[PDB]
Amino acid sequence: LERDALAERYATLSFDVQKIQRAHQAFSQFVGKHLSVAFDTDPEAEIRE
Amino acid sequence: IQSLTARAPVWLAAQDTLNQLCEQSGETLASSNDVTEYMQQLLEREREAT
């Protein structure tokens, strides 16, 4: 019964680690594909103008 | 010409430091997408090192 809570907490921690790793990998991939135009101006407003 | 002139030194400066930065890295950078690839590689190497 005691170790049940330990396992639950460990599972939460492992899931958190996984989520953080997934977010990091997504960001790494993102920047790999994404920095070139990141935070650049909107063409749509310019084209409308 | 004016536009180009205004942009002339900047481009050169862009190259200059780039070269230094390109030299700062063992790999030579040749394209903006290649630059982003090297950057994300550097991020992954940093993450693994930490």
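Each reported figure results from applying straightforward, stated rules to the coordinates on display, with no laboratory input. So basically every Cβ, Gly included, is an ideal-geometry build from the backbone, and we count neighbours across all protein chains shown.
Binning the C-alpha pair distances of the protein assembly as shown at 10 Å intervals from 0 yields a P(r) profile of 12, 24, 27, 18, 10, 6, 2, 1 %, listed from the shortest bin outward.
Evaluate the Kirkwood expression for the hydrodynamic radius of chain B, namely the inverse of the mean inverse distance over all pairs of different C-alpha atoms, and round to one decimal in Å.
Radius from the Kirkwood sum: 12.5 Å.
Considering only A:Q18, A:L1, A:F39, the residue lying farthest towards the positive end of the dipole of chain A is A:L1, judged by Cα position with unit charges set on Cβ. Kirkwood radius, chain A, all distinct C-alpha pairs, inverse of mean reciprocal distance: 14.3 Å. To the nearest 10 degrees, how steeply does helix A:2-34 sit against the main Cα axis of chain A, on a 0 to 90 scale? The two axes meet at around 20 degrees.
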